[PDB]
Amino acid sequence: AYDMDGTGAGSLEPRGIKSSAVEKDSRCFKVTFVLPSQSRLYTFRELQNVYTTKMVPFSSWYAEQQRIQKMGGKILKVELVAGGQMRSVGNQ
Amino acid sequence: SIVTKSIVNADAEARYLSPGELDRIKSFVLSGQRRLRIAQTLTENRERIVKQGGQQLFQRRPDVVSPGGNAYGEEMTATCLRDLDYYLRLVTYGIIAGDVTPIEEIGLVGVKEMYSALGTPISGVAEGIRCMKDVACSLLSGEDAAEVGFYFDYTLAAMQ
Amino acid sequence: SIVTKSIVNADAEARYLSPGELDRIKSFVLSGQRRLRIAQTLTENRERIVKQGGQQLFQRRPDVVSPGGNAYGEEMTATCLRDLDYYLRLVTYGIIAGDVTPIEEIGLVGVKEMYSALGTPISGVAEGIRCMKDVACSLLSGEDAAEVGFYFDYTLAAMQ
Amino acid sequence: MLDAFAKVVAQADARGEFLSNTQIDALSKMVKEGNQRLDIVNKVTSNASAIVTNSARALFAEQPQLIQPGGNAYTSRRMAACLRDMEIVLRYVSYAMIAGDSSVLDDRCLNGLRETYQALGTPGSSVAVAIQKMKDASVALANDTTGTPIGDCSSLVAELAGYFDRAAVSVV
Amino acid sequence: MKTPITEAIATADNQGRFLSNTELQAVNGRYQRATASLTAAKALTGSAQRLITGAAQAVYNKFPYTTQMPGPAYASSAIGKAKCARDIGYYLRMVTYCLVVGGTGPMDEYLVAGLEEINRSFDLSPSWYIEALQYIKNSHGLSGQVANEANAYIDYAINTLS
Amino acid sequence: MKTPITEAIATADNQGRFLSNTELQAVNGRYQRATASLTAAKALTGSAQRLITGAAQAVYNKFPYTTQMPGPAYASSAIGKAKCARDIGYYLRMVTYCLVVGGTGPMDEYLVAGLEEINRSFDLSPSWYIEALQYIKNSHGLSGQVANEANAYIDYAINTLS
Amino acid sequence: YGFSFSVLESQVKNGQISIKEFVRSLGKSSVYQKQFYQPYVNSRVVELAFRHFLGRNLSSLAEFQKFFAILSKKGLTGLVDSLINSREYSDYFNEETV
Amino acid sequence: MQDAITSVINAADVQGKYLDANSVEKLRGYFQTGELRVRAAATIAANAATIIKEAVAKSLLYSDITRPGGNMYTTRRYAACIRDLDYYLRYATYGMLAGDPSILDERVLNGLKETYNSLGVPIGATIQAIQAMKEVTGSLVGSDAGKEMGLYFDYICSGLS
Amino acid sequence: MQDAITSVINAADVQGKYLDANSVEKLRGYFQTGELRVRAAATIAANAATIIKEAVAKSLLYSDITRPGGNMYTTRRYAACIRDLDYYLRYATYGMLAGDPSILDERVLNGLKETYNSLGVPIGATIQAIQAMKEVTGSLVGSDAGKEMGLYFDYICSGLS
Amino acid sequence: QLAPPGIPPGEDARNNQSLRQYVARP
Amino acid sequence: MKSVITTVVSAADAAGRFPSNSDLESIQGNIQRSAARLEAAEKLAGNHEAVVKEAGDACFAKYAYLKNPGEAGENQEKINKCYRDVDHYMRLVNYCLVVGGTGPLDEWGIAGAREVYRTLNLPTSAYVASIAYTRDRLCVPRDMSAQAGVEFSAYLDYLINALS
Ligand SMILES: C=CC1=C(C)[C@@H](Cc2[nH]c(/C=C3N=C(/C=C4\NC(=O)[C@H](C)[C@H]4CC)C(C)=C\3CCC(=O)O)c(CCC(=O)O)c2C)NC1=O
Ligand SMILES: C=CC1=C(C)[C@@H](Cc2[nH]c(/C=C3N=C(/C=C4\NC(=O)[C@H](C)[C@H]4CC)C(C)=C\3CCC(=O)O)c(CCC(=O)O)c2C)NC1=O
Ligand SMILES: C=CC1=C(C)[C@@H](Cc2[nH]c(/C=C3N=C(/C=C4\NC(=O)[C@H](C)[C@H]4CC)C(C)=C\3CCC(=O)O)c(CCC(=O)O)c2C)NC1=O
Ligand SMILES: C=CC1=C(C)[C@@H](Cc2[nH]c(/C=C3N=C(/C=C4\NC(=O)[C@H](C)[C@H]4CC)C(C)=C\3CCC(=O)O)c(CCC(=O)O)c2C)NC1=O
Ligand SMILES: C=CC1=C(C)[C@@H](Cc2[nH]c(/C=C3N=C(/C=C4\NC(=O)[C@H](C)[C@H]4CC)C(C)=C\3CCC(=O)O)c(CCC(=O)O)c2C)NC1=O
Ligand SMILES: CCC1=C(C)/C(=C/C2=NC(=C\c3[nH]c(/C=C4\NC(=O)[C@H](C)[C@H]4CC)c(C)c3CCC(=O)O)/C(CCC(=O)O)=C2C)NC1=O
Ligand SMILES: CCC1=C(C)/C(=C/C2=NC(=C\c3[nH]c(/C=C4\NC(=O)[C@H](C)[C@H]4CC)c(C)c3CCC(=O)O)/C(CCC(=O)O)=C2C)NC1=O
Ligand SMILES: CCC1=C(C)/C(=C/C2=NC(=C\c3[nH]c(/C=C4\NC(=O)[C@H](C)[C@H]4CC)c(C)c3CCC(=O)O)/C(CCC(=O)O)=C2C)NC1=O
Ligand SMILES: CCC1=C(C)/C(=C/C2=NC(=C\c3[nH]c(/C=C4\NC(=O)[C@H](C)[C@H]4CC)c(C)c3CCC(=O)O)/C(CCC(=O)O)=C2C)NC1=O
Ligand SMILES: CCC1=C(C)/C(=C/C2=NC(=C\c3[nH]c(/C=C4\NC(=O)[C@H](C)[C@H]4CC)c(C)c3CCC(=O)O)/C(CCC(=O)O)=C2C)NC1=O
Ligand SMILES: CCC1=C(C)/C(=C/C2=NC(=C\c3[nH]c(/C=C4\NC(=O)[C@H](C)[C@H]4CC)c(C)c3CCC(=O)O)/C(CCC(=O)O)=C2C)NC1=O
Ligand SMILES: CCC1=C(C)/C(=C/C2=NC(=C\c3[nH]c(/C=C4\NC(=O)[C@H](C)[C@H]4CC)c(C)c3CCC(=O)O)/C(CCC(=O)O)=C2C)NC1=O
């Protein structure tokens, strides 16, 4: 279901990205960032634009924001376009 | 509620609501008169449902209240009953919403992280909700006790 | 049916069924007595529901039966009514299954590929099902006509 | 048997009180409803044969064990007595709708009807299904226009549903 | 239950008296007639499916509209054709019950009492059942006093429908 | 005869008292509704032959066996056709009598008392007379409360036939 | 089969979401899980995920157990989000290349 | 994404209090109209294609956005419209059932007027299409149900403006 | 993935005929037990962890698969068991509601015995765990409900054998 | 429910009976 | 907007008085009469495209000479404008039933109409053939209620009395 079942350290599925997203979450951000690949010079793949602006969901913004810095990216701006704040029920 | 997730179900599928979805929103709102009566019973029985709820909880789990238990002393025992007042409140929300969606994103999502991080035995708080369930279903008829008890055991399932 | 996709919904989410899902499987099976009566009405009225169904279809779309129409002659007109007997049968399945899941994977998924590949005007067969709907809802009360008509218009929606 | 107007007077006389001005205006708006109440009673008696014979036909389709040999509604006399009880209950519910009070319905239709069906062995839960099938067959026939002017009859149809529910819990 | 046995008991019990020879003679006439009655009850039973399926076809050949009209009251679908042959087997089963008992008692309570309220409500026509009972009279294939005992309870049913 | 006037007299004469305001209001309501009922009866009278020829033809279209089958009960010959347009005119005339009087009185005394006995004897079907009455309910051309008064007595006769 | 994701072709043709967003939403769709999730086992679902959202087969045994336990605990919506949010997706395809 | 019950529970929860008489008073008001909304959402599902065909033919069918140079000329651009109008008639149906317009701005309104300005879609003709679509929707569901479904159409038109 | 209603509709559809008296006769039989299955699936959802804790302690807790060298020694291997037993108690709950074991072989049974042989998982101890898990499940849901839930456990045990 | 047996509903005689002279209905 | 409010707050404002009991009583009539006149505002709105279609062709069935060249309805565009104008007059009658008086007719349709119909050479008798056909197509308890047919007709022949 959601990503906070009871998993933490020392648990059977591997220790990973745990987001505070509810059941079928409907909140999503509008993020903007550059993310240079830092791996094209030994792989020699084709080049793709690294400056992107896209709507990521609340269910997986934290994983994406945690990963964009993994590969040296810089986050220029993020906002919560869709969803409420301090909302107990209704994020579903 | 059943209205909001029957929508977001058909929302994701790029379609409207089927008869299977619209004959149940219909069936739920005619059920709404009976739901408020059930939640009205638990609303002003929280004095007995909570206090007798913590009654059986300490008789079944004296460790948590004994010296060394998490709810030891005048202080923690008050908060020991405070959480039961919380979860008894969320069950009143689930009965009126016709689903554990209110109980889902309040008191259930990531609950093991909180209680593990508070040092509280999560199995102990599960025992507390079960003791409240026998008090709650003892206050209602058989047709209602299949509902009010029905939301407690979901909270029991997610709390372990 | 409502039972099988309420399961596969909660199946994918790694969880059991909520009260919102189990109070509707419960609500559907008590509805099962009334569903078989409704499907029993359409079962042995297919002689009139189909033949009067193709009645208004040709009066509203004489092109399809005129010389050059897809259902021209003694042959195609018989198959012209055969498809209406199919779709009238699937509506009896959807009423008993409480959902268009039987109608979904039979007669709806990829239906435009078939009728486009047969040369049949897909809008014409949509007109045929609408003519059957007025005959079907004329055979039942208002409480039932909100269901039997309810499955036809879903078939109308997916068929265009 | 007393109607909705005499129910107010019967309560005021046991207090020894005149009717106050907020009680007369609650009775002057029952007169204002008026024609809408007689339109409901006209619509459920003009179709009174069709309400019973359709709800009966829809009751043995859902419960086919009633008309099997050994069922409670298998013979000519036991089938005719089944359609008879539904016409009696529908008759007294329309008496309570024109009165505005369920007094005539439980005075002389519902007193001892539960203990009658226990004596005969009639399944009283299946009799309640038949009252509910007559309920929505006449609720749906109350709120269709078909010769009436357009307006709000929502509180009177909710009142008519209450008499059908009172008869359906006083039978099992 | 109109039996010759129970009409004798009810005659003596109306005046609070024992069974005299007025009553023992009435139940003597049941026993003399019971030989011909019990042989008709076996013959109508043993050829029941031939008579039920034959008489259901006899209604469709005289009233062809009952297999063509749309509605729940007619035998145009397979549901209505199954409820038609159910009724013909109800009429034949009552006739063999009367031949076993001796009098027109089983079909009075089980068949005739309440019947015209049913045909008026469910829009069933009693001329269909007269035509079906006319077939069983002409085709049970019996003779003698065995046939006269069987034809009397068939003609008793025709007079109630007419 | 059942009338709002005579039912007020009969409920006071049964109790043995003078006509109070309980009874003066039941005949006041008969006088308010009398203007709608008398326009509904003048229109059904002046278009009677159109409604009689049309309603009889509306039965021969739904039930075409009634113009086919031999026998005295059916409208096959010209004699059975003349006895059918006479039966429709009896049902229509009792409706205009009930509108004039103000209640279901003339069709109780003259038509529906004994109606199920003369239908079963002469082998007439009540479904023939229902379809003849559904035509008049759909073809009188009345509007509003004038049609509410006419369709209230048409719907009353359909309930006794069914 | 005349299928349609008009909302997703909307939000990708305008550039409101990436191809990676359009691919992830396709994975959590119900026309997908009816196709490649319901008829199979969680074991077989993991390998069929790699052929679709990564363009390659599983590599090792530990790469199975990491991704089986995720699907074991979060189902389809937890598995496809754990592939689309990996680094190996981003190195080959970030936001624009199918 | 909150319905009327979710919004009532949120406001009653956000103060930490139980559902008092005022919170349940609105909830009873929503359950009374629960029967009206389903039948309103019933017929709208049936006549979805017919309503959109009626709106475009009544508002912007023959105007010069339809002709060459207008904003709706090419078949891809015309086909995007009825795809686009389908969401307005669909999401408005969701707001009519949920009894709360939170789903509209959550999933429709945000980034919408900022998107049409990017594409150059005329907001003026868009609102009149929705207004005409609101006019036909009051035809089907009736007066009060049209008042309910119409209450979310102009919510889209207001924010999209 | 078919329930009892889906299987009844399929067989009645596969011959192209309507739902006759025999097809509806079984459907009425399924609707009669609809009330029993939900309450059976209700309590099983509540006592999911308790049932699995009871089965392993009653069947294979102290056997030498639990000790070193046994098939369940390491904590990863022990933790895989209760994860693995959770599916059997969960999918059996789905079969109990759907009234048809098609979901089991569709999503559990296929490639299962062929997988345990690969890992070297003892099929003998697995079935006895499910048998013990079937025994405790009859405790909670009652006799006839245990007969229903038990009817799908041995279906897993039969095919897994 | 209803009235008790025989009692015409609405014409009860114990409506505004005083408590000091009230007699319990058998 | 000549209405029931804007006569009692236009005469009180010219007098310089507060709304007294003579002016609160006038809006009590706006609660009893408006139960009927909004029903004729609702039936006319839900069936407007069939009323003008049934009414606008009676302009051309009676006067068939309009399709002659040189006359008013001579081509395609001028026929569509002639059906447009009867939709306008049927829209202001829907606006006048929901206002309460003849406000949207006396300001928006009537005032200046005798100067545009003479300048553009439109026959104003052709307009009242379409409106008086709509008054006589009105079945009183079938179209609407008995009272709502009074309110809808009394704005219709007021519009006829304005154009003639
Ligand atoms: C003796 C025979 C007799 C009757 C059978 C009734 C029927 C009846 N009802 C109304 C009058 C009415 N009837 C209704 C009723 C309804 N409107 C609806 O939309 C619902 C479908 C239905 C509710 C049941 C309403 C709302 C009015 C008020 C008229 C209006 O405001 O338009 C009138 C006319 C009153 C008038 O306009 O002056 C009559 C005669 N009254 C009688 O005297
Ligand atoms: C001199 C002192 C004196 C009194 C105090 C009353 C005491 C009293 N109350 C009631 C009677 C009653 N008392 C109540 C009381 C209540 N209703 C509720 O729902 C709450 C429990 C509570 C309001 C605060 C009710 C409902 C009845 C009616 C019982 C019935 O008719 O079934 C009766 C029976 C007779 C009757 O019908 O009135 C009597 C004797 N009478 C007296 O003469
Ligand atoms: C010609 C002059 C004229 C008036 C002065 C008003 C008079 C008036 N007020 C109300 C009636 C009312 N008035 C109020 C208003 C209030 N109550 C409160 O507690 C608040 C202090 C205040 C709110 C501002 C309420 C709540 C009602 C009852 C509900 C209602 O009828 O709307 C009623 C209906 C009930 C009745 O019959 O009395 C009338 C006629 N109407 C008129 O036609
Ligand atoms: C909002 C205002 C409004 C109205 C005034 C009516 C007006 C009206 N009635 C009819 C249509 C009709 N109107 C009538 C009624 C009658 N025919 C007569 O000659 C009698 C005078 C009267 C009996 C009461 C009939 C019988 C029809 C159908 C056949 C016909 O066109 O005459 C039509 C043509 C479209 C249709 O078929 O409905 C129109 C516009 N409808 C509306 O929406
Ligand atoms: C506010 C309310 C309102 C109205 C009442 C109308 C009134 C009106 N009509 C026309 C304009 C017109 N009106 C007509 C109408 C008719 N000629 C005929 O053939 C028939 C006799 C008749 C219709 C049945 C025609 C043909 C024109 C165009 C005149 C022209 O082009 O010469 C114009 C000039 C501008 C234009 O529309 O082109 C105006 C103001 N318009 C409004 O906005
Ligand atoms: C590694 C660097 C890094 C950080 C720090 C980070 C933070 C971060 N904190 C979040 C939420 C949150 N953070 C909090 C925190 C708090 N509430 C309080 O009252 C306190 C003041 C505070 C705790 C100290 C809460 C309550 C949420 C949930 C908000 C919501 O559900 O709306 C979220 C949203 C998604 C999620 O949690 O799954 C992110 C991404 N991400 C990162 O990559
Ligand atoms: C259960 C879902 C389902 C459907 C609907 C279905 C349709 C179907 N329609 C067919 C033919 C046909 N269908 C039509 C139909 C029509 N002509 C018209 O004018 C009308 C618009 C329309 C009918 C209302 C005609 C004319 C043919 C024969 C075409 C030919 O011979 O080339 C055929 C080929 C012949 C056959 O095997 O029957 C199939 C398979 N099969 C299915 O399994
Ligand atoms: C106060 C007004 C009043 C009522 C309402 C009333 C009912 C009443 N219903 C009866 C029987 C009956 N009632 C039913 C009705 C049903 N059984 C079923 O299976 C169905 C579920 C249901 C209706 C469809 C049947 C079948 C009988 C006959 C029982 C028998 O003869 O054994 C009897 C037994 C006498 C008889 O045969 O007529 C009475 C007295 N009596 C009254 O005085
Ligand atoms: C043991 C004594 C007994 C008798 C006599 C009896 C008759 C009987 N026949 C009935 C219906 C029926 N009877 C028929 C029979 C026919 N319709 C035709 O067109 C054919 C010509 C004809 C066959 C000869 C049909 C089609 C129905 C169904 C009518 C309906 O359900 O509306 C019904 C209505 C309730 C039901 O469906 O069971 C009764 C009570 N029931 C009894 O318990
Ligand atoms: C004023 C109250 C009143 C009523 C209701 C009434 C009915 C009535 N209709 C009769 C006959 C009849 N009724 C019909 C009518 C029909 N048969 C058909 O085929 C058609 C479908 C249908 C007409 C539409 C026929 C043909 C007869 C002659 C039957 C016979 O002579 O056996 C008879 C037999 C006596 C006679 O020969 O005149 C009576 C008493 N008589 C009355 O005085
Ligand atoms: C669910 C909330 C939501 C909305 C509303 C939405 C709109 C949206 N409308 C679009 C285009 C468009 N929209 C229109 C619409 C119109 N042209 C006109 O003249 C009219 C005024 C109007 C119809 C009412 C057209 C023509 C395009 C194509 C533009 C182009 O190809 O440049 C696009 C570009 C991509 C695509 O259509 O695939 C998006 C994303 N997306 C969303 O997620
Ligand atoms: C939903 C249908 C389904 C099933 C049943 C399933 C089973 C399954 N069981 C596994 C392992 C395992 N299963 C067990 C189980 C046991 N050891 C014992 O002694 C007992 C007899 C038994 C417990 C009852 C163990 C110990 C492993 C780990 C094996 C290893 O690490 O080598 C694995 C390897 C990957 C992993 O666990 O992450 C799969 C895929 N997969 C499915 O999709």
# chains A, B, ... in the order shown; residues from 1 in each chain; ligands from 1
>>> residues_near_ligand(ligand="ligand 12", cutoff="6 Å", atoms="only C-alpha atoms and all ligand atoms", output="mmCIF file with N, CA, C and O atoms, in the first residue's frame")
data_model
loop_
_atom_site.group_PDB
_atom_site.id
_atom_site.type_symbol
_atom_site.label_atom_id
_atom_site.label_comp_id
_atom_site.auth_asym_id
_atom_site.auth_seq_id
_atom_site.Cartn_x
_atom_site.Cartn_y
_atom_site.Cartn_z
ATOM 1 N N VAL G 41 2.191 -14.015 -12.130
ATOM 2 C CA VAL G 41 2.671 -14.072 -10.756
ATOM 3 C C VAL G 41 3.569 -12.880 -10.494
ATOM 4 O O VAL G 41 4.235 -12.381 -11.407
ATOM 5 N N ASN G 42 3.618 -12.457 -9.221
ATOM 6 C CA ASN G 42 4.568 -11.449 -8.757
ATOM 7 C C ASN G 42 6.007 -11.781 -9.143
ATOM 8 O O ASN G 42 6.805 -10.877 -9.412
ATOM 9 N N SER G 43 6.361 -13.066 -9.163
ATOM 10 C CA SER G 43 7.632 -13.472 -9.745
ATOM 11 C C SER G 43 7.704 -13.088 -11.216
ATOM 12 O O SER G 43 8.629 -12.389 -11.640
ATOM 13 N N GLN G 65 15.427 -9.851 -5.641
ATOM 14 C CA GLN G 65 14.871 -9.803 -4.293
ATOM 15 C C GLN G 65 14.648 -8.379 -3.817
ATOM 16 O O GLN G 65 13.747 -8.131 -3.010
ATOM 17 N N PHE G 68 11.477 -7.713 -5.938
ATOM 18 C CA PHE G 68 10.322 -8.536 -5.608
ATOM 19 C C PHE G 68 9.709 -8.105 -4.287
ATOM 20 O O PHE G 68 8.482 -8.086 -4.150
ATOM 21 N N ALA G 69 10.547 -7.782 -3.303
ATOM 22 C CA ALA G 69 10.033 -7.364 -2.006
ATOM 23 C C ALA G 69 9.268 -6.056 -2.105
ATOM 24 O O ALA G 69 8.295 -5.851 -1.374
ATOM 25 N N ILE I 65 13.979 -27.762 10.473
ATOM 26 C CA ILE I 65 14.086 -26.736 9.441
ATOM 27 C C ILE I 65 14.331 -25.386 10.088
ATOM 28 O O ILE I 65 14.950 -24.499 9.490
ATOM 29 N N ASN I 71 15.728 -25.658 6.315
ATOM 30 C CA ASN I 71 15.319 -24.658 5.350
ATOM 31 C C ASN I 71 14.792 -23.357 5.595
ATOM 32 O O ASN I 71 15.375 -22.234 3.414
ATOM 33 N N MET I 72 15.090 -22.828 6.764
ATOM 34 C CA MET I 72 14.359 -21.719 7.336
ATOM 35 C C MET I 72 15.235 -21.108 8.409
ATOM 36 O O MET I 72 14.768 -20.434 9.318
ATOM 37 N N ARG I 77 15.664 -15.931 5.671
ATOM 38 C CA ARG I 77 14.883 -17.082 5.256
ATOM 39 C C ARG I 77 13.658 -17.262 6.135
ATOM 40 O O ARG I 77 12.594 -17.657 5.649
ATOM 41 N N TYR I 78 13.780 -16.978 7.429
ATOM 42 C CA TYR I 78 12.605 -17.041 8.285
ATOM 43 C C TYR I 78 11.611 -15.956 7.913
ATOM 44 O O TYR I 78 10.406 -16.209 7.839
ATOM 45 N N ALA I 80 11.159 -14.622 5.077
ATOM 46 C CA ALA I 80 10.508 -14.944 3.816
ATOM 47 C C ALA I 80 9.314 -15.862 4.024
ATOM 48 O O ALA I 80 8.382 -15.854 3.216
ATOM 49 N N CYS I 81 9.325 -16.653 5.095
ATOM 50 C CA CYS I 81 8.250 -17.607 5.335
ATOM 51 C C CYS I 81 6.947 -16.894 5.650
ATOM 52 O O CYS I 81 5.937 -17.088 4.965
ATOM 53 N N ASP I 84 5.764 -15.374 2.973
ATOM 54 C CA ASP I 84 5.227 -16.345 2.034
ATOM 55 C C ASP I 84 3.898 -16.900 2.514
ATOM 56 O O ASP I 84 2.972 -17.080 1.719
ATOM 57 N N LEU I 85 3.779 -17.168 3.813
ATOM 58 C CA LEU I 85 2.515 -17.656 4.345
ATOM 59 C C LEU I 85 1.426 -16.601 4.296
ATOM 60 O O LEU I 85 0.244 -16.950 4.320
ATOM 61 N N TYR I 87 0.698 -14.709 1.773
ATOM 62 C CA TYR I 87 0.015 -14.798 0.488
ATOM 63 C C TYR I 87 -1.001 -15.926 0.483
ATOM 64 O O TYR I 87 -2.096 -15.776 -0.070
ATOM 65 N N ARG I 107 -2.479 -16.689 -10.084
ATOM 66 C CA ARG I 107 -1.543 -15.781 -9.447
ATOM 67 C C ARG I 107 -0.672 -16.420 -8.383
ATOM 68 O O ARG I 107 0.255 -15.765 -7.900
ATOM 69 N N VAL I 108 -0.933 -17.662 -7.998
ATOM 70 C CA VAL I 108 -0.175 -18.339 -6.956
ATOM 71 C C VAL I 108 0.396 -19.660 -7.447
ATOM 72 O O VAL I 108 1.591 -19.928 -7.303
ATOM 73 N N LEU I 119 14.587 -23.060 -5.530
ATOM 74 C CA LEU I 119 15.162 -22.611 -4.270
ATOM 75 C C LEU I 119 15.503 -23.763 -3.343
ATOM 76 O O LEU I 119 16.338 -23.596 -2.451
ATOM 77 N N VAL I 121 13.003 -25.276 -1.522
ATOM 78 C CA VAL I 121 12.083 -25.106 -0.406
ATOM 79 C C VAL I 121 11.324 -26.412 -0.220
ATOM 80 O O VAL I 121 10.828 -26.982 -1.201
ATOM 81 N N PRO I 122 11.207 -26.921 1.001
ATOM 82 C CA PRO I 122 10.562 -28.222 1.208
ATOM 83 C C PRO I 122 9.053 -28.103 1.021
ATOM 84 O O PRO I 122 8.377 -27.429 1.795
ATOM 85 N N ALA I 125 6.962 -29.562 4.212
ATOM 86 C CA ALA I 125 6.714 -28.674 5.339
ATOM 87 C C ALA I 125 5.804 -27.520 4.950
ATOM 88 O O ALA I 125 5.107 -26.971 5.807
ATOM 89 N N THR I 126 5.798 -27.140 3.672
ATOM 90 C CA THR I 126 4.958 -26.027 3.243
ATOM 91 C C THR I 126 3.486 -26.380 3.351
ATOM 92 O O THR I 126 2.680 -25.569 3.818
ATOM 93 N N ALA I 129 2.277 -26.493 6.904
ATOM 94 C CA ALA I 129 2.050 -25.146 7.404
ATOM 95 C C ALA I 129 0.700 -24.623 6.942
ATOM 96 O O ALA I 129 -0.043 -24.022 7.726
#
>>> residues_around(residues="residue 35 of chain D", least_positions_apart="2", cutoff="12 Å", atoms="only C-alpha atoms", output="MDAnalysis selection string")
(chainID D and resid 29:33 37:42 98 148:149 151 153 156) or (chainID F and resid 145)
>>> write_last_selection(atoms="C-alpha atoms", output="PDB file, in the first residue's frame")
ATOM      1  CA  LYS D  29     -49.678  25.075   5.907  1.00  0.00           C
ATOM      2  CA  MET D  30     -51.092  21.550   5.993  1.00  0.00           C
ATOM      3  CA  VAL D  31     -54.117  23.079   4.273  1.00  0.00           C
ATOM      4  CA  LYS D  32     -51.724  24.838   1.889  1.00  0.00           C
ATOM      5  CA  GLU D  33     -50.138  21.503   0.960  1.00  0.00           C
ATOM      6  CA  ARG D  37     -51.767  15.390  -0.779  1.00  0.00           C
ATOM      7  CA  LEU D  38     -54.885  14.450  -2.739  1.00  0.00           C
ATOM      8  CA  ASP D  39     -52.790  14.117  -5.891  1.00  0.00           C
ATOM      9  CA  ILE D  40     -50.677  11.457  -4.151  1.00  0.00           C
ATOM     10  CA  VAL D  41     -53.723   9.503  -2.931  1.00  0.00           C
ATOM     11  CA  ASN D  42     -55.277   9.717  -6.403  1.00  0.00           C
ATOM     12  CA  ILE D  98     -55.113  11.116   3.332  1.00  0.00           C
ATOM     13  CA  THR D 148     -49.825  17.602 -12.372  1.00  0.00           C
ATOM     14  CA  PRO D 149     -48.262  21.080 -12.278  1.00  0.00           C
ATOM     15  CA  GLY D 151     -43.621  21.685  -7.869  1.00  0.00           C
ATOM     16  CA  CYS D 153     -43.747  17.211  -3.173  1.00  0.00           C
ATOM     17  CA  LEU D 156     -45.095  14.337   1.388  1.00  0.00           C
TER      18      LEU D 156
ATOM     19  CA  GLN F 145     -57.963  18.975 -14.184  1.00  0.00           C
TER      20      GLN F 145
END
>>> closest_atom_pairs(of="chain E", to="chain I", cutoff="12 Å", atoms="only C-alpha atoms", output="Markdown table")
| residue | atom | partner | partner_atom | distance |
| --- | --- | --- | --- | --- |
| E:77 | CA | I:20 | CA | 11.3 |
| E:78 | CA | I:20 | CA | 9.0 |
| E:79 | CA | I:20 | CA | 8.7 |
| E:82 | CA | I:21 | CA | 10.6 |
>>> write_last_selection(atoms="N, CA, C and O atoms", output="short mmCIF file (atom, residue, chain, number, x, y, z; two decimals), in the first residue's frame")
data_model
loop_
_atom_site.label_atom_id
_atom_site.label_comp_id
_atom_site.auth_asym_id
_atom_site.auth_seq_id
_atom_site.Cartn_x
_atom_site.Cartn_y
_atom_site.Cartn_z
N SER E 77 -41.79 -17.02 -24.68
CA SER E 77 -40.43 -17.37 -24.35
C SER E 77 -40.39 -18.79 -23.80
O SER E 77 -41.40 -19.49 -23.75
N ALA E 78 -39.21 -19.23 -23.37
CA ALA E 78 -39.08 -20.55 -22.77
C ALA E 78 -39.55 -20.58 -21.33
O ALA E 78 -39.86 -21.66 -20.82
N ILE E 79 -39.54 -19.41 -20.68
CA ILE E 79 -40.04 -19.23 -19.29
C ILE E 79 -41.57 -19.41 -19.25
O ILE E 79 -42.06 -20.08 -18.33
N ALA E 82 -42.61 -22.98 -19.99
CA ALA E 82 -42.39 -23.86 -18.86
C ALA E 82 -43.42 -23.66 -17.77
O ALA E 82 -43.75 -24.60 -17.05
#
